[PDB]
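Notes follow the structure.
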Amino acid sequence: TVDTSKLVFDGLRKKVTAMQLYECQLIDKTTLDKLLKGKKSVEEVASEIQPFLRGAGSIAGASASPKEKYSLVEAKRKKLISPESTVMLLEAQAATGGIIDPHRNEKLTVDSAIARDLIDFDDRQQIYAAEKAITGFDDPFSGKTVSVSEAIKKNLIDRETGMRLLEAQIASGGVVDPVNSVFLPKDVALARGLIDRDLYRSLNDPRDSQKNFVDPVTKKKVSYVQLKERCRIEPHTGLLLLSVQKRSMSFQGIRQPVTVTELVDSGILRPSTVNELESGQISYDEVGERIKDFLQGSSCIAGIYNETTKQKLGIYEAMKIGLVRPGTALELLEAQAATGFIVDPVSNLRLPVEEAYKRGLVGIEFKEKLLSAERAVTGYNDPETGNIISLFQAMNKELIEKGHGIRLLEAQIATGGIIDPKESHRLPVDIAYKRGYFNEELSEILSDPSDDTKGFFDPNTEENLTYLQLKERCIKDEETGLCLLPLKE
């Protein structure tokens, strides 16, 4: 026989003897005798009853990215987890072992948790009560220290919180026995009345009190197991960290970055490919590759290719030579301004109107008219409402004339689609209808070349064309991706 005084185990808060483990039916008669003989070691037995001894493991915190992690209170302050769910998850920790410090891998008492700022100030008293799920509730009538189930019956704790604690414990192994400081399986806990039949029954009914927790992001009622199925296990510490989406990922639009959430709202990105990108399964550059013509549109008529001298040159520079009339040059430049940037085909630069003027890409005779056309990408100021509207809406409210407005619209459609002036990206023609940046009774008009729609000019054949008709007559520089209009003489 071995030293029976050394046959002790480490429970949640107390030491646990081998005899207590046998009484609590955690070990069998065979295991117990082998401990008293030496056939089995204390460490060998403890390795097989770990979820009953210290719990299977609760949600220790959050993890936005696979490397760096956050605690429940940190993720709340970074707005990754709602304040409401933050309390409930902290209640679960205190009821299944204690408040977890994920950055030091420890089980802390509520006192120690306050000392390390792991718990906020307002949620202080609520977690003290949840801690008693393991310590026990002092009944002022009987004089006994009772479990949560009895604390609910004795009205020592509200039913709501009590159901959360019981749910969290069961998902961690079973029902906690406070006096023994050890987890008991559900079947044996029912037999000795450690948990009431009625409470346990309402704990298995999805229409009663089965789900007592709430989602971190949304406000949907969820179970503790469902949240655990959404957790990552840290390789080093073995902790259970809830996978939260920090998001905040965007692609550069015309003037400003466009959130990935906006892209799925505009129908640019399928939701299946977004969180697949958030998880890191696919690459960032490949996603932005597909939606290239939605972020900042297709290439416009960027310049002119003089076939006589075999030279690439900007539109404004072509006018100085006499390759194009000032009338033709102006509408082509404002078409560029209405699509985002003024382009220099030889230097492959894409600049706003102001910066284009500073570098000689645009003269002073076109500066004002081009600044006005640039409002088609940033918005038109409505003199009545005081806020910015779109190109299409500015046309209907007679802020700009129809002829000028039509040529700018078809310029946007020919280079990706209608420009959203508040999100700074190209919309699908169906989304533009919903937000009112275009009209279905106008898409068919601009589709087929009509009398009113041919507001552009081809210097080669001297005929009036739509922007699409003229763009189809252009060629492409393989190293710039720009459309150049071939010219002779």
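Because the Cβ atoms are built from the backbone with ideal geometry, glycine has one as well, and the counts that use them run over all protein chains shown. All of this is worked out from the model, or read from it or from the source named; nothing here is a laboratory result.
Some notes on this structure:
- Subset of region 13-48 that is within 45 Å of the chain's Cα centre (by Cα) and basic (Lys, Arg) - its residue that is nearest to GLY97 (Cα to Cα): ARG13
- Pairs with Cβ under 6 Å, 6+ apart, first in region 37-61 and closer than 21 Å to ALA171 by Cβ, second of a type in the set (S, T, N, Q): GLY55/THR96; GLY55/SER172; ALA56/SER172; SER58/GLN93; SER58/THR96; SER58/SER172; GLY61/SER71
- Residue check for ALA338: assigned by CATH to the domain that holds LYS320, touching a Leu at 6+ places or on another chain (Cβ under 8 Å) and among the aliphatic types (A, V, I, L, M): yes
- Residues of region 183-219 satisfying the condition of being of a type in the set (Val, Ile, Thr), closer than 24 Å to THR135 by Cβ and out of contact with any helix residue (DSSP H, G or I) (no Cβ under 6 Å at 6 or more places or on another chain): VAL188
- Filter result for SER41 (within 30 Å of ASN275 (Cα to Cα) and of a type in the set (S, T, N, Q)): no
- The condition (being within 30 Å of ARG247 (Cα to Cα) and without any contact (Cβ under 8 Å) to a residue 60 or more places away in the chain) is satisfied by just one residue among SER223, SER147: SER223.
- Every listed requirement among (1) part of a loop (DSSP other than H, G, I, E, B); (2) surrounded by fewer than 23 Cβ atoms within 10 Å (Cβ to Cβ) is met by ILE81 save one, (2).
- Of all residues in region 89-121, those being crowded, with 22+ Cβ neighbours inside 10 Å, in contact (Cβ under 8 Å) with a residue 24 or more places away in the chain and not in a loop (DSSP other than H, G, I, E, B) number 10.
- The residues on offer are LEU36, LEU21, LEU26, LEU53, and the sole one that is more than 19 Å from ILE134 (Cα to Cα), out of contact with any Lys or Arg (no Cβ under 9 Å at 6 or more places or on another chain) and of a type outside the set (D, E, K, R) is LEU36.
- Verdict on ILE195 being under 30 Å from the mean Cα position of the chain (by Cα) and either crowded, with 22+ Cβ neighbours inside 10 Å or not assigned by CATH to the domain that holds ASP10 (or both): no
- Residue match in region 229-241 (condition: within 14 Å of the chain's Cα centre (by Cα) and either surrounded by 14 or more Cβ atoms within 10 Å (Cβ to Cβ) or at negative phi (or both)): no
- The residues on offer are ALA302, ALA356, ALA318, and the sole one that is touching an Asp or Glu at 6+ places or on another chain (Cβ under 9 Å), among the hydrophobic types (A, V, I, L, M, F, W, C) and in a helix (DSSP H, G or I) is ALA356.
- For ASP28, the requirement of being of a type in the set (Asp, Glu), in the same structural domain as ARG54 (by CATH) and closer than 14 Å to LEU53 by Cα is not met.
- All conditions but one from (1) part of a helix (DSSP H, G or I); (2) on the phi > 0 side of the Ramachandran plot; (3) not aliphatic (A, V, I, L, M) apply to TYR128; the one that does not is (2).
- Qualifying positions in region 334-353 - out of contact with any strand residue (DSSP E or B) (no Cβ under 6 Å at 6 or more places or on another chain) and either in a loop (DSSP other than H, G, I, E, B) or touching a residue at least 24 places away in the same chain (Cβ under 8 Å) (or both): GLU334, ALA335, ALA337, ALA338, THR339, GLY340, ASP344, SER347, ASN348, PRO352
Results for (1) among the β-branched types (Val, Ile, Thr); (2) within 21 Å of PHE294 (Cβ to Cβ), shown as yes or no for each residue.
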| position | (1), (2) |
| --- | --- |
| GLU384 | no, no |
| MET395 | no, no |
| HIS404 | no, no |
| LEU409 | no, yes |
| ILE413 | yes, yes |
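- Per this entry, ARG159 is counted among residues that are among the basic types (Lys, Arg) and surrounded by fewer than 22 Cβ atoms within 10 Å (Cβ to Cβ).
- Residue list for region 165-192, filter: more than 22 Å from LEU227 (Cα to Cα), in a loop (DSSP other than H, G, I, E, B) and either of a type in the set (A, V, I, L, M) or without any contact (Cβ under 8 Å) to a residue 12 or more places away in the chain (or both): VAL179, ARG192
- Of all residues in region 321-352 being among the hydroxyl-bearing types (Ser, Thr, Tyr) and within 26 Å of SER424 (Cα to Cα), the one that is surrounded by the fewest Cβ atoms within 10 Å (Cβ to Cβ): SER347
- When region 283-306 is limited to residues that are loosely packed, with under 13 Cβ neighbours inside 10 Å and not aromatic (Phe, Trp, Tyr), the one that is farthest from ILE419 (Cα to Cα) turns out to be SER283.
- Selection within region 478-489: residues that are under 44 Å from the mean Cα position of the chain (by Cα) and surrounded by 14 or more Cβ atoms within 10 Å (Cβ to Cβ). The member of this set that is farthest from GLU307 (Cα to Cα) is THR480.
- So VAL274, is it within 30 Å of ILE419 (Cα to Cα), part of a strand (DSSP E or B) and either free of Cβ contacts under 8 Å to residues at least 24 places away in the same chain or β-branched (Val, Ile, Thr) (or both): no
- Residues that are assigned to a helix (DSSP H, G or I) and in contact with a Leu (Cβ under 6 Å, 6 or more places away or on another chain) do occur in region 48-56, at least one of them.
- Qualifying residues in region 358-374 (those that are farther than 18 Å from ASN348 by Cβ and of a type in the set (A, V, I, L, M, F, W, C)) - the one farthest from the chain's Cα centre (by Cα): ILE364
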